[PDB]
S.K.: 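Before we start, here is the structure in question, set down as structure tokens.
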Amino acid sequence: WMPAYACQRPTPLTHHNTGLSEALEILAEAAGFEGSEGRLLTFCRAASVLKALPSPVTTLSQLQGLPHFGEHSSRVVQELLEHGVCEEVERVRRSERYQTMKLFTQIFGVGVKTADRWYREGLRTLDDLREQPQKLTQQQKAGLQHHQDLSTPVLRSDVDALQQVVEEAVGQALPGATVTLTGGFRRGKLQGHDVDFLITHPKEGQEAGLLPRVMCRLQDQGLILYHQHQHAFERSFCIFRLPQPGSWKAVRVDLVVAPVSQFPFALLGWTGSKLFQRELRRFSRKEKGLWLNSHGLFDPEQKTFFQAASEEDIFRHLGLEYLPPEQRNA
Ligand SMILES: Nc1ccn([C@@H]2O[C@H](COP(=O)(O)OP(=O)(O)OP(=O)(O)O)[C@@H](O)[C@H]2O)c(=O)n1
Ligand SMILES: [Mn+2]
Ligand SMILES: [Mn+2]
């Protein structure tokens, strides 16, 4: 037996049902490409159930008594168990629509609505996009310029080198300022599509104007290929030029600044997983009547914000057993 919400159960990094969860996640992703948001969430939830199981699913009897495991997801697993392959999944994999939407949406700065628009307009390849530079934002141009490197999984060794240059720049700009690794790497992942950092300072307001100083420092060291600064939290969505022995690699890096009062909420929100956070927010609203986001936890009946010093505070306030980041891999 297993609880309904992903935020009520530990989901570890490595599990016993990777083939099955991957097939369900293909169907979820394809659903999102078609704007089918309900079906996306349903497949995502079913995949995350399999990730939380203690043993491999070898036979269909193992499905018994699991939440969020409807007829469709059951059917998928059934064909995988009996036939080694699911027809619907293979047809999605082979389809030009899926392949092209995956190609485009992978690009830095391209979401589903942009990818779909380009698909509808007859664009198929990365060369097709480069032939129409008037259709691209400067962010997307940068994403295309570095697409091979940005398609290469980011490694822990890369994270460690990046955290060192970001920590050095932050420390030189403002002694006492801190850098915290968030995103998937905080959850224990060995690889990622980017590196996520959250920056703050223990005195509220001392973080003002810190990010542009950090970026100047990084730029003057040759480490920045692309930067877009947005005054929501202050953030810079970047492409770093990471030196490596004999060469270099472009790597996506998100730098987020939060005032220390909001840091616990920001750390929780940015640590993920995306599904875990969606589930945590749904749980907070539906079960506790509170609205959770990356800035705070709001009681809409009382018009009050919860004061939290830590993630542990937020879990406790919501009536949830604490899950460390490595158990949030929903
Ligand atoms: N503009 C954004 C981008 C991301 N996030 C959140 O930040 C976390 C990290 O996002 P991302 O790097 O996409 O996820 P990872 O789990 O780090 O995945 P990967 O290993 O692919 O980088 C997630 O909880 C996501 O919901 C957010 O709140 N606002
Ligand atoms: Mn990430
Ligand atoms: Mn990110």
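In this chain, numbering begins with 1 at the start of the sequence shown. Basis for what follows: all heavy atoms, side chains included, without hydrogens, waters or symmetry-related copies.
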S.K.: Just by distance, no angles: are the side chains of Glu234 and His229 close enough, under 3.5 Å, to form a donor-acceptor pair?
M.R.: yes
S.K.: With a 4.5 Å limit on heavy-atom distance, are the side chains of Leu181 and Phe197 in contact?
M.R.: yes
S.K.: Output all residues satisfying side chain to side chain donor-acceptor pair (under 3.5 Å) with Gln221, sequence neighbours left out; order by chain, then residue number.
M.R.: none
S.K.: Measure the spacing between CG of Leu297 and CD of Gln307 and express it to the nearest 0.5 Å.
M.R.: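 Result: 12.5 Å between the selected atoms.
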S.K.: Heavy-atom distance under 4.5 Å between the side chains of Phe43 and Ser73, does that happen here?
M.R.: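 Answer yes - side chains close enough.
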S.K.: Going by distance alone, is a donor N or O of one side chain under 3.5 Å from an acceptor N or O of the other, for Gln138 and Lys141?
M.R.: yes
S.K.: Are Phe33 and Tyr119 an aromatic pair by the rule of ring centers under 6.0 Å?
M.R.: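 Ring centroids of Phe33 and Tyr119 are no less than 6.0 Å from each other.
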S.K.: Measuring from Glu312:CD to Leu323:CG, what's the distance to the nearest 0.5 Å?
M.R.: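 Answer for the CD-CG pair, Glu312 versus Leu323, is 10.5 Å.
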S.K.: Apply ring-ring contact (aromatic ring centres under 6.0 Å, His included) to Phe240 and list each qualifying residue two or more places apart in sequence or on a separate chain.
M.R.: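 Testing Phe240 for ring-ring contact (aromatic ring centres under 6.0 Å, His included), a comparison that skips the adjacent residues, returns none.
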S.K.: How long is the straight-line distance from CZ of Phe104 back to CG of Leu129, given to the nearest 0.5 Å?
M.R.: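 Reported value, rounded in 0.5 Å steps: 4.5 Å.
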S.K.: Crowded around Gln148 CD? As in, over 12 foreign heavy atoms under 6.0 Å?
M.R.: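 At most 12 heavy atoms, drawn from other residues, nucleotides or ligands, come within 6.0 Å of this atom.
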S.K.: Hey, what do you get for NZ (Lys51) to CG (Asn17), rounding to the nearest 0.5 Å?
M.R.: 11.0 Å
S.K.: Determine which pairs satisfy salt bridge (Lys or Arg N to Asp or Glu O under 4.0 Å) with at least one residue from residues 154-180, sequence neighbours left out, and list them in order.
M.R.: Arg156-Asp160, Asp158-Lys249
S.K.: Any chance the rings of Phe305 and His295 have centres within less than 6.0 Å?
M.R.: no
S.K.: Less than 3.5 Å apart, any donor N or O on the side chain of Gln134 or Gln132 sitting next to an acceptor on the other?
M.R.: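 On atom types as modelled, these side chains qualify, holding a pair under 3.5 Å.
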